[PDB]
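**Q** Have a look at this one before I ask anything.
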Number of protein chains: 2
Amino acid sequence: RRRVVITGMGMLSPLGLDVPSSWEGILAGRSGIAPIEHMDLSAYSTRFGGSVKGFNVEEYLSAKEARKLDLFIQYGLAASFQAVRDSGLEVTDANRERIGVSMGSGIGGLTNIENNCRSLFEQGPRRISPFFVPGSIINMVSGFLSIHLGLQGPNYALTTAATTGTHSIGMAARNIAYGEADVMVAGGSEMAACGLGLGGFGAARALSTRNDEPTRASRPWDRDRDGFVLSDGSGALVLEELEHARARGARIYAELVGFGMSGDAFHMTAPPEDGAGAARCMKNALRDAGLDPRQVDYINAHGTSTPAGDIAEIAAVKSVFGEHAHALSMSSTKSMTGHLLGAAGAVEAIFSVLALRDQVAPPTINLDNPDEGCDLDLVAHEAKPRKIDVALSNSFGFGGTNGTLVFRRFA
Amino acid sequence: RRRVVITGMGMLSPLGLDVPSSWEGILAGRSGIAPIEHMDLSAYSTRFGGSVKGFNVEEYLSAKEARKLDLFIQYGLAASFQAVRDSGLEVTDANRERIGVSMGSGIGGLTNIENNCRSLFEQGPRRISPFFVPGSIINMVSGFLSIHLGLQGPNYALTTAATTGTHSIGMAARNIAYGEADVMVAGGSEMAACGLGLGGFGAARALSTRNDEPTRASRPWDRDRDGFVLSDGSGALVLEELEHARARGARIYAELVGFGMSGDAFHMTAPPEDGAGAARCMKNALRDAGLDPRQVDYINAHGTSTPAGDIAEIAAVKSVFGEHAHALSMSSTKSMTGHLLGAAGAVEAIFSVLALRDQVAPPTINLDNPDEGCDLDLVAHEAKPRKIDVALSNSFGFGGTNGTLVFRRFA
Ligand SMILES: C[C@@H](C(=O)NC[C@](C)(O)CNC(=O)c1cc[nH]n1)n1cccc1
Ligand SMILES: C[C@@H](C(=O)NC[C@](C)(O)CNC(=O)c1cc[nH]n1)n1cccc1
């Protein structure tokens with residue numbers, strides 16, 4: 001198997017329109033959560049979220065190209081283009097077949113679908129845009145990126161709910177490790193802040209309803225947590241075979257050493273109380289990386305601020321790590337970003353890599369009163385400078401689908 | 001790399017509610033295309049499609065479980081359960097972590113989304129089902145199958161438009177080949193026969209409008225073709241490591257020897273006139289299988305009945321195969337099934353395997369007047385008994401995303 005490194009990153013989040021601005025917000029403990037301004041939520045039990053603020057798609061695409069595309073595609077292209085520029089890669093005839101893309105989404109073009117349903121029910125099907133299908137389907141981040149950059153390698157898209165971004169990165173790394181590509185652009189994007197997203201997750205009783213204090217709503221492992229916060233944005237990494245990166249003199253951020261997957265086979269929406277599937281997933285990723293649990297310094301948790309999910313993640317970590325569970329640091333950056341759904345794993349992979357670059361564990365904000373059994377170093381309130389050699393990133397989604405990535409400082 | 005075999009298959013199609021009934025229809029040249037009965041299409045320019053007829057979800061799930069699930073999930077579970085039963089596999093504690101699932105969809109829960117949008121716009125968000133999100137997202141075929149069967153291996157879902165089923169199978173085979181699982185259930189499902197699907201593809205000018213003769217509408221490579229026919233259903237294969245299959249005495253249908261992927265990097269919806277991306281994809285799959293072009297006997301074409309797509313596929317086949325393009329047989333079973341979208345590749349993989357089992361090339365019906373350059377053996381009108389050692393199945397989707405599978409008779 002060939003070695004895989006991160007040579008470029010890109011991001012839109014509720015904390016900023018790029019990686020450096022987002023990361024500054026993470027290290028300062030800033031919330032990106034606010035009352036939603038783009039629609040009237042007076043009828044909904046949740047009125048707040050993590051929006052992308054002041055995005056200008058015209059930095060990335062012509063107005064012509066942009067009007068064809070759902071927001072989730074615009075977001076994923078923005079992250080993708082930032083990552084590719086950050087990488088310094090030049091696409092040529094000699095490499096274009098060796099560069100692919102894997103950008104996914106959990107829910108995809110839900111805003112576009114809702115707007116076209118309005119036109120459909122009001123006026124019938126003659127109002128539907130000719131770009132409705134290609135502008136709304138999940139694989140069109142991969143599709144549009146490949147067209148705009150001339151990328152002819154593996155072209156595909158994952159959709160594994162909250163695990164999408166984690167699985168997108170891990171399977172892209174697998175493509176490189178086994179020789180099917182030299183470079184992959186991988187990550188996820190999401191914009192599900194529409195009536196169907198807020199209403200759908202509200203009907204499932206999944207969302208925090210703390211409308212009076214939006215910045216306090218996302219509180220992973222806190223005893224007064226009451227559901228996740230819905231957030232929008234995107235993350236993309238340029239993954240590259242090590243020798244390919246070395247030959248062109250690329251800046252390497254970190255090594256992607258391990259990827260694990262598992263299924264709980266338990267319940268559509270609830271995890272097993274012991275987090276046994278998350279445990280098997282973490283162990284699979286450590287095994288894949290050739291690492292003992294004791295070499296892990298930082299975990300970027302799934303940590304969504306749900307009652308059952310957060311405690312099941314602690315139980316999984318205690319099972320995998322044992323006494324070393326009390327030496328590592330684990331935090332949820334969802335405390336600040338909210339839950340970006342299919343992009344969560346992509347942005348959290350970026351935070352894990354930056355934790356490696358900067359030797360700092362990002363905080364879990366809002367962790368006022370840790371719940372029963374939440375007795376690990378959860379980095380409550382303030383960022384923590386420390387030694388980080390190995391950083392792990394977890395995502396667990398609906399259907400019991402689990403993914404873990406393992407990043408290492410490179411040498 | 002370990003060897004991968006097909007030990008089980010399952011299907012819903014416009015030709016029948018299982019594999020044997022569907023295959024009987026294929027070999028007889030029967031169309032599954034008819035005026036749609038389940039909604040009023042008087043306002044739409046296309047009023048016909050490939051529906052699933054007389055499906056009883058209660059053969060597979062309780063009424064309780066079924067009411068939570070979009071039709072595309074019901075379809076994918078039905079195919080999946082048929083495939084698993086067909087395989088004879090017994091799931092135990094010793095193997096459950098080694099059995100995963102990869103069932104995708106191009107469009108996913110579009111019917112559910114449209115019905116919930118009606119409730120939303122009429123009555124506000126209190127009408128939205130609590131099962132709306134878990135019952136509508138694409139990864140819930142994989143999710144529900146894993147829960148119902150206790151499968152704890154890799155759990156994920158592809159969404160690559162018309163390539164979904166092809167990519168789902170090929171990446172599941174990759175998981176087995178490189179030791180991440182012993183068994184995978186892989187395929188795709190689709191039910192996009194709603195106002196948004198028919199209206200969306202109609203707005204894109206993608207659909208045949210031959211409402212006067214629905215059974216003649218799908219006519220791949222015919223000079224009077226005018227777009228594809230939208231169809232519903234599902235296909236699932238049980239993929240298994242060879243030694244695992246041999247040890248339990250499984251019936252092996254065929255070997256999955258090759259998988260190729262490529263991106264055109266050309267256009268969101270149009271292929272390059274020379275089919276250069278499809279050419280690279282086929283070559284990648286043959287290279288992967290260790291096969292010369294001359295060993296290919298049967299191609300199950302993408303062959304959707306579009307002007308540009310069908311001729312670009314011929315040009316790709318002539319480029320890859322050369323003079324051997326005139327010795328192989330190539331047909332589109334979309335002539336009879338229509339275009340099942342994200343399930344197309346799954347059902348077509350099953351037809352390719354059965355072409356191997358039965359030594360018969362299925363027909364391209366409706367091929368009355370082959371267009372300029374469509375001078376290969378396209379199996380016009382009637383099934384053709386012949387030697388088939390190697391069968392190839394193509395899918396090409398929006399975004400320029402391409403996949404090819406290569407199946408071989410097993411020994
Ligand atoms: C019960 C709750 C929830 O939090 N579910 C979590 C989920 C989606 O199953 C994913 N798994 C984990 O978080 C996890 C943690 C350790 N092992 N698995 N809910 C959400 C929506 C409706 C109810
Ligand atoms: C132009 C036409 C169409 O048929 N497009 C085909 C597509 C979706 O690009 C996939 N590629 C191939 O069929 C192919 C064949 C050989 N190489 N690629 N259309 C569809 C919807 C709107 C217009």
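Residue numbering restarts at 1 for every chain of the structure tokens, chains are lettered A, B, ... in their displayed order, and ligands are numbered from 1 as they appear.
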Compute the set of protein, DNA and RNA residues whose minimum atom distance to ligand 1 is at most 6 Å, using only C-alpha atoms and all ligand atoms, and state it as a PyMOL selection string.

**A** chain A and resi 204-206+269-271+275+278+306+308-310+312-313+396-398+400

**Q** Give the residues of chain B that lie within 7 Å of chain A; count only C-alpha atoms, and format the answer as an MDAnalysis selection string.

**A** chainID B and resid 43:44 107 114 117 124:125 128:134 137:140 143:144 146:147 150:161 199:201 203:204 261:268 398:401

**Q** Show which residues sit within 10 Å of residue A:326, as a ChimeraX atom specification. Count only C-alpha atoms, and ignore same-chain residues fewer than 5 positions away.

**A** /A:317-318,321,375-378

**Q** Output, as a short mmCIF file (atom, residue, chain, number, x, y, z; two decimals) with C-alpha atoms, in the first residue's frame, the coordinates of chain A following least-squares superposition onto chain B across all in-order C-alpha pairs.

**A**
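Output below, filename selection31.cif:
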data_model
loop_
_atom_site.label_atom_id
_atom_site.label_comp_id
_atom_site.auth_asym_id
_atom_site.auth_seq_id
_atom_site.Cartn_x
_atom_site.Cartn_y
_atom_site.Cartn_z
CA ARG A 1 -5.86 -9.26 -4.53
CA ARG A 2 -8.55 -11.84 -3.66
CA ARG A 3 -11.08 -13.09 -6.23
CA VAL A 4 -14.74 -12.01 -6.12
CA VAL A 5 -17.73 -14.05 -7.22
CA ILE A 6 -21.49 -13.48 -7.49
CA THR A 7 -23.37 -15.90 -5.22
CA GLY A 8 -26.81 -14.26 -5.16
CA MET A 9 -28.98 -11.85 -7.13
CA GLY A 10 -32.27 -10.03 -6.57
CA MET A 11 -34.38 -7.58 -8.59
CA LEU A 12 -37.53 -5.54 -9.03
CA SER A 13 -37.99 -4.21 -12.58
CA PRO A 14 -40.72 -3.15 -15.00
CA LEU A 15 -40.54 -6.76 -16.35
CA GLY A 16 -41.08 -8.59 -13.03
CA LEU A 17 -40.84 -8.78 -9.24
CA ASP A 18 -37.78 -11.05 -9.23
CA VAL A 19 -34.80 -12.06 -11.35
CA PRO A 20 -36.35 -15.12 -13.17
CA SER A 21 -39.52 -13.25 -14.24
CA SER A 22 -37.49 -10.18 -15.31
CA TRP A 23 -35.06 -12.34 -17.30
CA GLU A 24 -37.87 -14.27 -19.01
CA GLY A 25 -39.20 -10.85 -20.17
CA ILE A 26 -35.74 -9.78 -21.40
CA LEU A 27 -35.24 -12.97 -23.45
CA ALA A 28 -38.75 -12.70 -24.94
CA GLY A 29 -38.21 -9.05 -26.06
CA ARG A 30 -41.08 -7.83 -23.81
CA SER A 31 -41.42 -4.13 -22.98
CA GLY A 32 -42.14 -3.03 -19.43
CA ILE A 33 -43.08 0.52 -20.49
CA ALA A 34 -46.69 1.73 -20.08
CA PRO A 35 -48.71 4.97 -19.35
CA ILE A 36 -48.16 5.83 -15.66
CA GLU A 37 -51.31 5.04 -13.57
CA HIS A 38 -50.27 6.33 -10.11
CA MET A 39 -50.52 10.11 -10.90
CA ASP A 40 -52.15 12.60 -13.29
CA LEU A 41 -49.55 13.52 -15.98
CA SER A 42 -51.93 15.50 -18.31
CA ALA A 43 -49.72 18.61 -17.81
CA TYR A 44 -46.39 16.76 -18.59
CA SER A 45 -44.85 16.17 -22.00
CA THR A 46 -44.05 12.52 -21.01
CA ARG A 47 -46.88 10.35 -19.60
CA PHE A 48 -45.26 6.89 -19.59
CA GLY A 49 -42.54 4.96 -17.85
CA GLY A 50 -41.31 1.63 -16.52
CA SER A 51 -43.28 1.04 -13.30
CA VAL A 52 -42.93 -1.89 -10.88
CA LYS A 53 -46.25 -3.81 -11.17
CA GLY A 54 -48.01 -5.51 -8.20
CA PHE A 55 -45.17 -5.06 -5.65
CA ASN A 56 -46.11 -6.29 -2.16
CA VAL A 57 -43.68 -4.86 0.36
CA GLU A 58 -45.30 -7.15 3.01
CA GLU A 59 -43.45 -10.12 1.45
CA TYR A 60 -40.25 -8.48 2.83
CA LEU A 61 -41.22 -6.24 5.77
CA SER A 62 -44.07 -5.82 8.23
CA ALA A 63 -46.65 -3.11 7.38
CA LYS A 64 -45.28 -1.28 10.54
CA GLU A 65 -41.68 -1.18 9.14
CA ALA A 66 -42.80 -0.43 5.51
CA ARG A 67 -44.86 2.74 6.31
CA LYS A 68 -41.58 4.43 7.52
CA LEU A 69 -39.79 3.98 4.14
CA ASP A 70 -39.82 5.72 0.73
CA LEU A 71 -40.56 3.41 -2.21
CA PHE A 72 -36.89 3.54 -3.35
CA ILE A 73 -35.86 2.02 0.02
CA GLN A 74 -38.63 -0.60 -0.14
CA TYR A 75 -37.41 -1.53 -3.59
CA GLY A 76 -33.76 -1.71 -2.59
CA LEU A 77 -34.59 -3.84 0.48
CA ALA A 78 -36.68 -6.25 -1.64
CA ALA A 79 -33.80 -6.71 -4.13
CA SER A 80 -31.34 -7.05 -1.23
CA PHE A 81 -33.37 -9.66 0.61
CA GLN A 82 -33.91 -11.69 -2.56
CA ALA A 83 -30.13 -11.61 -3.24
CA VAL A 84 -29.24 -12.70 0.34
CA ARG A 85 -31.80 -15.58 0.26
CA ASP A 86 -30.55 -16.53 -3.22
CA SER A 87 -26.99 -16.63 -1.84
CA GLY A 88 -27.85 -19.14 0.97
CA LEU A 89 -25.53 -17.20 3.35
CA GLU A 90 -26.10 -17.66 7.08
CA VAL A 91 -25.10 -14.56 9.08
CA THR A 92 -23.35 -15.55 12.44
CA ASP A 93 -21.17 -13.90 15.14
CA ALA A 94 -18.07 -15.24 13.32
CA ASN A 95 -18.90 -13.49 10.00
CA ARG A 96 -21.23 -10.51 10.72
CA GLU A 97 -18.36 -7.98 10.88
CA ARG A 98 -17.17 -9.33 7.46
CA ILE A 99 -20.54 -8.75 5.69
CA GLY A 100 -21.35 -5.20 4.52
CA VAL A 101 -23.64 -3.32 2.18
CA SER A 102 -23.37 -0.77 -0.59
CA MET A 103 -26.82 0.03 -2.09
CA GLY A 104 -27.10 3.41 -3.74
CA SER A 105 -29.57 5.61 -5.54
CA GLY A 106 -29.23 8.45 -8.04
CA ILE A 107 -32.09 10.65 -6.78
CA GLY A 108 -33.27 8.85 -3.57
CA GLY A 109 -36.49 9.75 -1.75
CA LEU A 110 -37.95 12.23 -4.31
CA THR A 111 -41.53 10.90 -3.92
CA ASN A 112 -41.34 11.29 -0.13
CA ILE A 113 -39.88 14.79 -0.51
CA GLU A 114 -42.67 15.88 -2.90
CA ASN A 115 -45.41 14.49 -0.57
CA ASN A 116 -43.89 16.16 2.51
CA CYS A 117 -43.55 19.47 0.54
CA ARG A 118 -47.29 19.37 -0.15
CA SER A 119 -48.03 18.91 3.61
CA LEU A 120 -45.45 21.64 4.44
CA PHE A 121 -46.83 24.30 2.04
CA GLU A 122 -50.50 23.48 2.79
CA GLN A 123 -50.36 23.10 6.61
CA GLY A 124 -46.80 24.10 7.79
CA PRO A 125 -44.10 21.83 9.36
CA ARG A 126 -46.24 20.04 12.00
CA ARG A 127 -47.52 17.65 9.23
CA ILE A 128 -43.99 16.35 8.34
CA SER A 129 -43.53 12.70 9.28
CA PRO A 130 -41.04 11.91 12.12
CA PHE A 131 -39.71 9.21 9.76
CA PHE A 132 -39.23 11.74 6.89
CA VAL A 133 -35.41 12.03 7.20
CA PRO A 134 -34.46 8.34 7.99
CA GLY A 135 -37.11 7.10 5.55
CA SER A 136 -35.91 9.26 2.60
CA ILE A 137 -32.11 9.53 2.65
CA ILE A 138 -30.14 7.43 0.20
CA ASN A 139 -28.01 5.48 2.73
CA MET A 140 -31.08 3.95 4.46
CA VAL A 141 -31.15 0.91 2.08
CA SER A 142 -27.72 0.02 3.45
CA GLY A 143 -28.84 1.16 6.91
CA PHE A 144 -32.14 -0.83 7.07
CA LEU A 145 -30.56 -3.94 5.46
CA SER A 146 -27.74 -3.98 8.01
CA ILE A 147 -30.24 -3.65 10.91
CA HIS A 148 -32.63 -6.34 9.58
CA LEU A 149 -29.81 -8.86 8.83
CA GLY A 150 -27.29 -7.95 11.57
CA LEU A 151 -24.56 -6.94 9.06
CA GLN A 152 -21.67 -5.04 10.74
CA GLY A 153 -19.15 -4.68 7.91
CA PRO A 154 -18.65 -1.64 5.63
CA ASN A 155 -21.91 0.25 5.36
CA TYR A 156 -22.23 2.98 2.74
CA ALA A 157 -24.06 4.31 -0.30
CA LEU A 158 -23.00 5.74 -3.64
CA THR A 159 -24.95 8.37 -5.60
CA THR A 160 -23.40 8.80 -9.08
CA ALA A 161 -26.50 9.40 -11.18
CA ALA A 162 -26.95 6.69 -13.86
CA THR A 163 -23.61 5.12 -12.80
CA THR A 164 -24.70 4.45 -9.19
CA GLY A 165 -25.42 0.74 -9.51
CA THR A 166 -22.21 0.07 -11.47
CA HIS A 167 -20.05 1.99 -8.99
CA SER A 168 -21.82 0.39 -6.01
CA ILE A 169 -20.97 -3.10 -7.27
CA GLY A 170 -17.41 -2.26 -8.31
CA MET A 171 -16.49 -0.58 -5.00
CA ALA A 172 -18.09 -3.41 -2.99
CA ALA A 173 -15.93 -5.87 -5.01
CA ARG A 174 -12.87 -3.70 -4.19
CA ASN A 175 -13.71 -3.98 -0.46
CA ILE A 176 -13.61 -7.78 -0.79
CA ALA A 177 -10.55 -7.89 -3.08
CA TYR A 178 -8.47 -5.92 -0.51
CA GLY A 179 -9.68 -7.78 2.64
CA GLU A 180 -12.05 -5.16 4.21
CA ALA A 181 -15.01 -7.62 3.89
CA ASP A 182 -15.74 -11.23 2.82
CA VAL A 183 -19.31 -10.53 1.60
CA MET A 184 -21.01 -7.38 0.27
CA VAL A 185 -24.60 -6.79 -0.80
CA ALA A 186 -24.36 -4.19 -3.58
CA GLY A 187 -26.58 -2.57 -6.16
CA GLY A 188 -29.02 0.29 -6.44
CA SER A 189 -32.67 1.28 -6.36
CA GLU A 190 -34.74 4.11 -7.74
CA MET A 191 -38.32 5.37 -7.74
CA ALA A 192 -38.27 8.82 -9.31
CA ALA A 193 -41.68 8.61 -11.11
CA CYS A 194 -43.10 11.74 -9.44
CA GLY A 195 -43.81 15.24 -10.81
CA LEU A 196 -40.29 16.40 -9.94
CA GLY A 197 -38.66 13.44 -11.77
CA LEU A 198 -40.82 13.50 -14.91
CA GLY A 199 -40.95 17.35 -14.80
CA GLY A 200 -37.21 17.71 -14.09
CA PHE A 201 -36.10 15.35 -16.83
CA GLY A 202 -38.79 16.89 -19.16
CA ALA A 203 -37.43 20.41 -18.45
CA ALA A 204 -33.93 19.13 -19.38
CA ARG A 205 -35.43 17.71 -22.69
CA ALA A 206 -34.04 14.29 -21.62
CA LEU A 207 -37.16 12.09 -22.01
CA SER A 208 -38.81 10.50 -25.01
CA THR A 209 -42.21 12.11 -25.68
CA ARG A 210 -43.67 9.18 -27.73
CA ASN A 211 -46.83 8.98 -25.60
CA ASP A 212 -48.82 7.41 -28.48
CA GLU A 213 -46.56 4.23 -28.50
CA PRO A 214 -44.87 3.83 -25.04
CA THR A 215 -43.41 0.38 -25.86
CA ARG A 216 -41.65 1.88 -28.96
CA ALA A 217 -40.23 4.93 -27.08
CA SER A 218 -36.97 3.38 -25.87
CA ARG A 219 -35.07 2.61 -29.11
CA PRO A 220 -31.30 2.67 -28.51
CA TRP A 221 -29.25 3.44 -31.68
CA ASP A 222 -32.44 3.82 -33.77
CA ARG A 223 -32.49 6.92 -35.97
CA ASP A 224 -35.85 8.10 -34.50
CA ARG A 225 -34.73 7.91 -30.83
CA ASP A 226 -35.72 11.06 -28.84
CA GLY A 227 -34.61 10.51 -25.21
CA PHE A 228 -34.69 7.93 -22.49
CA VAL A 229 -37.58 6.34 -20.70
CA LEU A 230 -37.78 6.79 -16.96
CA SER A 231 -38.09 3.54 -15.05
CA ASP A 232 -38.22 2.33 -11.45
CA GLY A 233 -36.86 -0.66 -9.58
CA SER A 234 -33.80 -2.20 -7.97
CA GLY A 235 -30.99 -4.71 -8.34
CA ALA A 236 -28.77 -6.32 -5.63
CA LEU A 237 -25.87 -8.79 -5.90
CA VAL A 238 -24.20 -10.79 -3.15
CA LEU A 239 -20.50 -10.44 -3.86
CA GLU A 240 -18.28 -12.94 -1.99
CA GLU A 241 -14.57 -13.77 -1.69
CA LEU A 242 -13.96 -16.97 -3.75
CA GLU A 243 -12.48 -19.12 -0.92
CA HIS A 244 -15.33 -18.05 1.42
CA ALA A 245 -17.87 -19.14 -1.27
CA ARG A 246 -16.05 -22.46 -1.95
CA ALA A 247 -15.77 -23.30 1.80
CA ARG A 248 -19.57 -23.14 2.38
CA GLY A 249 -20.36 -24.76 -1.04
CA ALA A 250 -22.10 -21.66 -2.55
CA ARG A 251 -23.45 -21.69 -6.08
CA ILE A 252 -21.25 -19.25 -8.05
CA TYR A 253 -22.99 -17.49 -10.97
CA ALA A 254 -19.90 -15.73 -12.32
CA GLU A 255 -16.66 -14.03 -11.41
CA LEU A 256 -16.45 -10.23 -11.08
CA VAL A 257 -12.99 -9.81 -12.66
CA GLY A 258 -12.74 -6.08 -13.51
CA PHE A 259 -13.98 -2.63 -12.49
CA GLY A 260 -13.10 0.61 -14.24
CA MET A 261 -13.93 4.26 -13.52
CA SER A 262 -13.29 7.53 -15.33
CA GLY A 263 -14.54 11.11 -15.63
CA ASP A 264 -15.13 12.71 -19.04
CA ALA A 265 -14.38 16.22 -17.64
CA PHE A 266 -16.39 17.48 -20.60
CA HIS A 267 -19.97 18.60 -19.80
CA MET A 268 -22.61 18.27 -17.02
CA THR A 269 -25.08 16.36 -19.28
CA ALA A 270 -23.50 15.78 -22.77
CA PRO A 271 -20.81 13.15 -23.52
CA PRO A 272 -17.79 13.89 -25.77
CA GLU A 273 -18.71 12.91 -29.37
CA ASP A 274 -15.87 10.32 -29.48
CA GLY A 275 -16.85 8.76 -26.08
CA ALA A 276 -13.20 9.20 -24.96
CA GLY A 277 -14.12 8.93 -21.27
CA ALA A 278 -16.16 5.75 -21.84
CA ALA A 279 -13.19 4.39 -23.82
CA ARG A 280 -10.76 5.05 -20.92
CA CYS A 281 -13.28 3.49 -18.50
CA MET A 282 -13.70 0.28 -20.51
CA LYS A 283 -9.89 -0.01 -20.96
CA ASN A 284 -9.40 0.52 -17.21
CA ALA A 285 -11.86 -2.27 -16.46
CA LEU A 286 -10.23 -4.67 -18.97
CA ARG A 287 -6.79 -3.81 -17.59
CA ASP A 288 -8.15 -4.43 -14.06
CA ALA A 289 -9.44 -7.88 -15.17
CA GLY A 290 -6.23 -8.78 -16.99
CA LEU A 291 -8.16 -9.21 -20.24
CA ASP A 292 -7.47 -8.26 -23.85
CA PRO A 293 -10.38 -6.50 -25.69
CA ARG A 294 -10.61 -9.59 -27.96
CA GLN A 295 -11.76 -11.84 -25.06
CA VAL A 296 -15.02 -9.80 -24.65
CA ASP A 297 -18.08 -11.56 -26.08
CA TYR A 298 -21.03 -9.52 -24.75
CA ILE A 299 -21.46 -5.84 -23.84
CA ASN A 300 -24.55 -4.70 -21.92
CA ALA A 301 -24.44 -1.10 -23.15
CA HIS A 302 -25.49 2.00 -21.29
CA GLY A 303 -27.61 2.58 -24.43
CA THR A 304 -30.26 4.98 -23.02
CA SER A 305 -31.97 5.97 -26.35
CA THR A 306 -30.51 9.56 -26.38
CA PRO A 307 -29.19 11.09 -29.67
CA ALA A 308 -25.68 12.01 -28.43
CA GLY A 309 -25.18 9.27 -25.81
CA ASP A 310 -25.86 6.20 -27.97
CA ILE A 311 -23.51 7.23 -30.82
CA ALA A 312 -20.72 8.25 -28.37
CA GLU A 313 -20.98 4.73 -26.86
CA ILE A 314 -20.52 3.13 -30.33
CA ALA A 315 -17.47 5.38 -30.95
CA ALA A 316 -16.00 4.32 -27.55
CA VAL A 317 -16.55 0.60 -28.36
CA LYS A 318 -14.96 0.95 -31.83
CA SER A 319 -11.97 2.75 -30.23
CA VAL A 320 -11.46 0.10 -27.47
CA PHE A 321 -12.22 -3.07 -29.47
CA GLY A 322 -11.10 -2.17 -33.06
CA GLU A 323 -11.95 -4.99 -35.51
CA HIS A 324 -13.23 -7.12 -32.60
CA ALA A 325 -16.05 -4.54 -32.24
CA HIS A 326 -17.59 -6.43 -35.20
CA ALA A 327 -17.27 -9.89 -33.49
CA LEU A 328 -18.74 -9.07 -30.04
CA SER A 329 -22.46 -8.59 -29.46
CA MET A 330 -23.63 -5.44 -27.71
CA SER A 331 -27.22 -4.78 -26.64
CA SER A 332 -29.22 -2.34 -24.55
CA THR A 333 -31.74 -3.97 -22.26
CA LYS A 334 -33.05 -0.39 -21.70
CA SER A 335 -34.92 -1.04 -24.98
CA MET A 336 -37.24 -3.17 -22.75
CA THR A 337 -36.72 -1.93 -19.14
CA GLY A 338 -36.25 1.76 -19.81
CA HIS A 339 -33.68 3.68 -17.74
CA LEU A 340 -33.76 2.70 -14.06
CA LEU A 341 -31.34 5.57 -13.24
CA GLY A 342 -29.29 4.66 -10.15
CA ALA A 343 -30.56 1.02 -10.34
CA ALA A 344 -29.72 0.71 -14.10
CA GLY A 345 -26.23 -0.57 -13.49
CA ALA A 346 -27.40 -3.06 -10.84
CA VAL A 347 -30.09 -4.66 -13.01
CA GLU A 348 -27.72 -4.58 -16.01
CA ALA A 349 -24.99 -6.30 -14.02
CA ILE A 350 -27.58 -9.04 -13.29
CA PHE A 351 -28.47 -9.33 -17.03
CA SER A 352 -24.77 -9.60 -17.91
CA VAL A 353 -24.29 -12.41 -15.38
CA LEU A 354 -27.40 -14.23 -16.74
CA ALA A 355 -26.10 -13.79 -20.31
CA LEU A 356 -23.07 -15.74 -19.04
CA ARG A 357 -25.22 -18.37 -17.28
CA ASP A 358 -27.49 -18.91 -20.32
CA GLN A 359 -25.12 -18.26 -23.27
CA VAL A 360 -27.48 -15.71 -24.80
CA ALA A 361 -27.11 -12.04 -25.76
CA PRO A 362 -30.33 -10.20 -24.85
CA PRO A 363 -31.99 -8.14 -27.69
CA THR A 364 -32.05 -4.46 -28.40
CA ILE A 365 -35.77 -4.14 -29.25
CA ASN A 366 -37.19 -1.29 -31.30
CA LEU A 367 -33.96 -1.10 -33.40
CA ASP A 368 -35.87 -0.66 -36.65
CA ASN A 369 -33.47 1.69 -38.53
CA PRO A 370 -29.95 1.76 -37.01
CA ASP A 371 -28.45 5.23 -37.20
CA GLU A 372 -25.27 6.30 -39.11
CA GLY A 373 -22.24 4.41 -37.65
CA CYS A 374 -24.44 1.98 -35.61
CA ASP A 375 -23.17 -0.96 -37.71
CA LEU A 376 -22.09 -3.39 -34.90
CA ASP A 377 -23.95 -6.51 -33.82
CA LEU A 378 -26.55 -4.69 -31.69
CA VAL A 379 -28.72 -7.84 -31.33
CA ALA A 380 -31.62 -6.09 -33.04
CA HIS A 381 -35.11 -7.40 -32.15
CA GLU A 382 -34.47 -11.02 -30.97
CA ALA A 383 -32.22 -12.68 -28.33
CA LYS A 384 -29.11 -14.35 -29.78
CA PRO A 385 -27.72 -17.70 -28.45
CA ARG A 386 -23.90 -17.51 -28.70
CA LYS A 387 -20.62 -18.22 -26.83
CA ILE A 388 -20.22 -15.70 -23.95
CA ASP A 389 -17.09 -16.12 -21.76
CA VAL A 390 -16.72 -12.44 -20.81
CA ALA A 391 -19.53 -9.89 -20.41
CA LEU A 392 -18.98 -6.13 -19.86
CA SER A 393 -21.56 -3.70 -18.44
CA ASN A 394 -21.30 0.09 -18.97
CA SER A 395 -22.88 3.02 -17.18
CA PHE A 396 -22.26 6.73 -17.92
CA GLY A 397 -23.93 9.44 -15.83
CA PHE A 398 -24.39 13.17 -15.45
CA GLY A 399 -21.17 14.96 -14.51
CA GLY A 400 -19.31 12.69 -16.97
CA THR A 401 -18.99 9.91 -14.36
CA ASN A 402 -18.28 6.49 -15.96
CA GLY A 403 -18.15 2.93 -14.70
CA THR A 404 -17.61 -0.47 -16.28
CA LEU A 405 -17.87 -3.94 -14.79
CA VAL A 406 -16.36 -7.07 -16.33
CA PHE A 407 -17.87 -10.48 -15.51
CA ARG A 408 -16.40 -13.87 -16.48
CA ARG A 409 -17.68 -17.44 -16.52
CA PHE A 410 -16.15 -19.04 -13.41
CA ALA A 411 -13.30 -21.62 -13.34
#
